[PDB]
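Q: Structure: protein_24.cif, mmCIF, C-alpha atoms; chains and numbers go by the auth columns.
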data_structure
#
loop_
_atom_site.group_PDB
_atom_site.id
_atom_site.type_symbol
_atom_site.label_atom_id
_atom_site.label_comp_id
_atom_site.label_asym_id
_atom_site.label_seq_id
_atom_site.Cartn_x
_atom_site.Cartn_y
_atom_site.Cartn_z
_atom_site.B_iso_or_equiv
_atom_site.auth_seq_id
_atom_site.auth_asym_id
ATOM 1 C CA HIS A 1 0.933 22.946 16.668 0.00 1260 O
ATOM 2 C CA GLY A 2 0.178 19.439 15.443 0.00 1261 O
ATOM 3 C CA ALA A 3 -2.801 17.201 16.174 0.00 1262 O
ATOM 4 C CA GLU A 4 -4.759 20.425 16.710 0.00 1263 O
ATOM 5 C CA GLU A 5 -5.052 20.761 12.931 0.00 1264 O
ATOM 6 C CA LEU A 6 -3.426 17.588 11.605 0.00 1265 O
ATOM 7 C CA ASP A 7 -5.125 14.199 11.643 0.00 1266 O
ATOM 8 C CA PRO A 8 -4.289 11.738 14.483 0.00 1267 O
ATOM 9 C CA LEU A 9 -2.950 9.415 11.774 0.00 1268 O
ATOM 10 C CA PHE A 10 -1.268 12.155 9.738 0.00 1269 O
ATOM 11 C CA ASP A 11 2.209 11.352 11.044 0.00 1270 O
ATOM 12 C CA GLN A 12 1.665 7.687 10.223 0.00 1271 O
ATOM 13 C CA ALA A 13 0.152 8.635 6.862 0.00 1272 O
ATOM 14 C CA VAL A 14 3.170 10.777 6.020 0.00 1273 O
ATOM 15 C CA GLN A 15 5.502 7.918 6.878 0.00 1274 O
ATOM 16 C CA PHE A 16 3.182 5.635 4.918 0.00 1275 O
ATOM 17 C CA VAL A 17 3.231 7.777 1.780 0.00 1276 O
ATOM 18 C CA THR A 18 6.904 8.640 2.201 0.00 1277 O
ATOM 19 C CA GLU A 19 7.982 5.067 2.917 0.00 1278 O
ATOM 20 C CA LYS A 20 5.881 3.973 -0.050 0.00 1279 O
ATOM 21 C CA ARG A 21 6.857 7.082 -2.032 0.00 1280 O
ATOM 22 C CA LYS A 22 3.166 7.171 -2.977 0.00 1281 O
ATOM 23 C CA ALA A 23 0.182 8.916 -1.403 0.00 1282 O
ATOM 24 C CA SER A 24 -3.285 7.502 -2.074 0.00 1283 O
ATOM 25 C CA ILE A 25 -6.623 8.136 -0.388 0.00 1284 O
ATOM 26 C CA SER A 26 -7.699 4.556 -1.060 0.00 1285 O
ATOM 27 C CA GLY A 27 -4.364 3.230 0.132 0.00 1286 O
ATOM 28 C CA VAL A 28 -4.509 5.152 3.396 0.00 1287 O
ATOM 29 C CA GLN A 29 -8.152 4.164 3.739 0.00 1288 O
ATOM 30 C CA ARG A 30 -7.304 0.466 3.794 0.00 1289 O
ATOM 31 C CA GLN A 31 -3.887 0.877 5.446 0.00 1290 O
ATOM 32 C CA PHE A 32 -5.209 3.236 8.126 0.00 1291 O
ATOM 33 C CA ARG A 33 -8.741 1.796 8.173 0.00 1292 O
ATOM 34 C CA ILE A 34 -10.273 5.256 7.923 0.00 1293 O
ATOM 35 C CA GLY A 35 -13.209 6.697 6.011 0.00 1294 O
ATOM 36 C CA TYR A 36 -12.446 8.139 2.580 0.00 1295 O
ATOM 37 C CA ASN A 37 -13.094 11.656 3.865 0.00 1296 O
ATOM 38 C CA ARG A 38 -10.420 11.077 6.503 0.00 1297 O
ATOM 39 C CA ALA A 39 -7.910 9.720 3.989 0.00 1298 O
ATOM 40 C CA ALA A 40 -8.448 12.701 1.712 0.00 1299 O
ATOM 41 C CA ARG A 41 -8.187 14.885 4.811 0.00 1300 O
ATOM 42 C CA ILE A 42 -4.825 13.469 5.869 0.00 1301 O
ATOM 43 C CA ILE A 43 -3.637 13.656 2.278 0.00 1302 O
ATOM 44 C CA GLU A 44 -5.129 17.142 2.029 0.00 1303 O
ATOM 45 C CA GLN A 45 -3.128 18.361 5.003 0.00 1304 O
ATOM 46 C CA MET A 46 -0.167 16.591 3.412 0.00 1305 O
ATOM 47 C CA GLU A 47 -0.674 18.905 0.461 0.00 1306 O
ATOM 48 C CA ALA A 48 -0.777 21.787 2.939 0.00 1307 O
ATOM 49 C CA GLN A 49 2.474 20.642 4.562 0.00 1308 O
ATOM 50 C CA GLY A 50 4.253 19.931 1.280 0.00 1309 O
ATOM 51 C CA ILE A 51 4.106 16.161 1.601 0.00 1310 O
ATOM 52 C CA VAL A 52 1.788 15.619 -1.362 0.00 1311 O
ATOM 53 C CA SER A 53 1.423 17.336 -4.745 0.00 1312 O
ATOM 54 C CA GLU A 54 -1.525 18.303 -6.924 0.00 1313 O
ATOM 55 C CA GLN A 55 -3.666 15.356 -7.984 0.00 1314 O
ATOM 56 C CA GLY A 56 -3.340 14.424 -11.639 0.00 1315 O
ATOM 57 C CA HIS A 57 -4.706 10.897 -11.903 0.00 1316 O
ATOM 58 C CA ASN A 58 -7.829 9.386 -10.330 0.00 1317 O
ATOM 59 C CA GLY A 59 -7.353 9.832 -6.594 0.00 1318 O
ATOM 60 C CA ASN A 60 -3.575 9.545 -6.944 0.00 1319 O
ATOM 61 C CA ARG A 61 -1.475 12.040 -4.985 0.00 1320 O
ATOM 62 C CA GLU A 62 2.240 12.606 -5.578 0.00 1321 O
ATOM 63 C CA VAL A 63 4.538 12.222 -2.578 0.00 1322 O
ATOM 64 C CA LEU A 64 7.121 14.993 -2.395 0.00 1323 O
ATOM 65 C CA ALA A 65 8.200 14.361 1.201 0.00 1324 O
ATOM 66 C CA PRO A 66 10.780 11.598 1.895 0.00 1325 O
ATOM 67 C CA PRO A 67 10.519 8.912 4.624 0.00 1326 O
ATOM 68 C CA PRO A 68 11.449 9.703 8.264 0.00 1327 O
ATOM 69 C CA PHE A 69 14.465 7.393 8.207 0.00 1328 O
ATOM 70 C CA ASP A 70 15.152 6.896 4.504 0.00 1329 O
#
Have the structure of the file written as structure tokens, please.
A:
Amino acid sequence: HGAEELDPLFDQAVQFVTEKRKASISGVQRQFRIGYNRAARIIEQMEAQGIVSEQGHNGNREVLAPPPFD
């Protein structure tokens, strides 16, 4: 499956967090122009896929998945 469960911007968000080596709900909000809930959703799924780690700071998610190209 894919979009069925993942967010329409998930793929872009993964590349965004991977390319930036950083996953943030606020970052994706402004970069993807999506409501906070959506950002946290995409990042949430990222945690489900293994792209992001457990949150430690304030809204800061760790990116464990590398970029699509490099």
Q: Please write as a VMD selection string the full residue list that the PyMOL selection byres ((chain O and resi 1323) around 10) yields on this file.
A: chain O and resid 1276 to 1277 1280 to 1282 1305 to 1306 1309 to 1312 1320 to 1322 1324 to 1326
Q: To verify the selection step, state as an mmCIF file with C-alpha atoms, keeping the file's coordinate frame which residues the PyMOL selection byres ((chain O and resi 1265-1271) around 12) yields on this input.
A:
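And here's selection.cif as it stands now:
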data_model
loop_
_atom_site.group_PDB
_atom_site.id
_atom_site.type_symbol
_atom_site.label_atom_id
_atom_site.label_comp_id
_atom_site.auth_asym_id
_atom_site.auth_seq_id
_atom_site.Cartn_x
_atom_site.Cartn_y
_atom_site.Cartn_z
ATOM 1 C CA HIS O 1260 0.933 22.946 16.668
ATOM 2 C CA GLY O 1261 0.178 19.439 15.443
ATOM 3 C CA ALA O 1262 -2.801 17.201 16.174
ATOM 4 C CA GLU O 1263 -4.759 20.425 16.710
ATOM 5 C CA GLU O 1264 -5.052 20.761 12.931
ATOM 6 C CA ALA O 1272 0.152 8.635 6.862
ATOM 7 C CA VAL O 1273 3.170 10.777 6.020
ATOM 8 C CA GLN O 1274 5.502 7.918 6.878
ATOM 9 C CA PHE O 1275 3.182 5.635 4.918
ATOM 10 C CA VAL O 1276 3.231 7.777 1.780
ATOM 11 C CA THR O 1277 6.904 8.640 2.201
ATOM 12 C CA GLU O 1278 7.982 5.067 2.917
ATOM 13 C CA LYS O 1279 5.881 3.973 -0.050
ATOM 14 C CA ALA O 1282 0.182 8.916 -1.403
ATOM 15 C CA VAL O 1287 -4.509 5.152 3.396
ATOM 16 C CA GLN O 1288 -8.152 4.164 3.739
ATOM 17 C CA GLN O 1290 -3.887 0.877 5.446
ATOM 18 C CA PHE O 1291 -5.209 3.236 8.126
ATOM 19 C CA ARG O 1292 -8.741 1.796 8.173
ATOM 20 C CA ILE O 1293 -10.273 5.256 7.923
ATOM 21 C CA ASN O 1296 -13.094 11.656 3.865
ATOM 22 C CA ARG O 1297 -10.420 11.077 6.503
ATOM 23 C CA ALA O 1298 -7.910 9.720 3.989
ATOM 24 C CA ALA O 1299 -8.448 12.701 1.712
ATOM 25 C CA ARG O 1300 -8.187 14.885 4.811
ATOM 26 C CA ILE O 1301 -4.825 13.469 5.869
ATOM 27 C CA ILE O 1302 -3.637 13.656 2.278
ATOM 28 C CA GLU O 1303 -5.129 17.142 2.029
ATOM 29 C CA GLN O 1304 -3.128 18.361 5.003
ATOM 30 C CA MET O 1305 -0.167 16.591 3.412
ATOM 31 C CA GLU O 1306 -0.674 18.905 0.461
ATOM 32 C CA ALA O 1307 -0.777 21.787 2.939
ATOM 33 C CA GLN O 1308 2.474 20.642 4.562
ATOM 34 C CA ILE O 1310 4.106 16.161 1.601
ATOM 35 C CA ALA O 1324 8.200 14.361 1.201
ATOM 36 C CA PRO O 1326 10.519 8.912 4.624
ATOM 37 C CA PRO O 1327 11.449 9.703 8.264
#
Q: The centre and edge lengths of an axis-aligned box containing all atoms of region 1309-1321 of chain O present in the file, extended by 8 Å on each side, are to be given in Å to one decimal, as AutoDock Vina command-line options.
A:
--center_x -1.8 --center_y 14.7 --center_z -5.2 --size_x 28.1 --size_y 26.5 --size_z 29.5
Q: Please expand the PyMOL selection byres ((chain O and resi 1318) around 10) into the concrete residues it hits in this file, giving the result as an mmCIF file with C-alpha atoms, keeping the file's coordinate frame.
A:
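Output file expr.cif follows:
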data_model
loop_
_atom_site.group_PDB
_atom_site.id
_atom_site.type_symbol
_atom_site.label_atom_id
_atom_site.label_comp_id
_atom_site.auth_asym_id
_atom_site.auth_seq_id
_atom_site.Cartn_x
_atom_site.Cartn_y
_atom_site.Cartn_z
ATOM 1 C CA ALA O 1282 0.182 8.916 -1.403
ATOM 2 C CA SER O 1283 -3.285 7.502 -2.074
ATOM 3 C CA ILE O 1284 -6.623 8.136 -0.388
ATOM 4 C CA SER O 1285 -7.699 4.556 -1.060
ATOM 5 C CA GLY O 1286 -4.364 3.230 0.132
ATOM 6 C CA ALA O 1299 -8.448 12.701 1.712
ATOM 7 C CA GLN O 1314 -3.666 15.356 -7.984
ATOM 8 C CA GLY O 1315 -3.340 14.424 -11.639
ATOM 9 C CA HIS O 1316 -4.706 10.897 -11.903
ATOM 10 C CA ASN O 1317 -7.829 9.386 -10.330
ATOM 11 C CA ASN O 1319 -3.575 9.545 -6.944
ATOM 12 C CA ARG O 1320 -1.475 12.040 -4.985
#
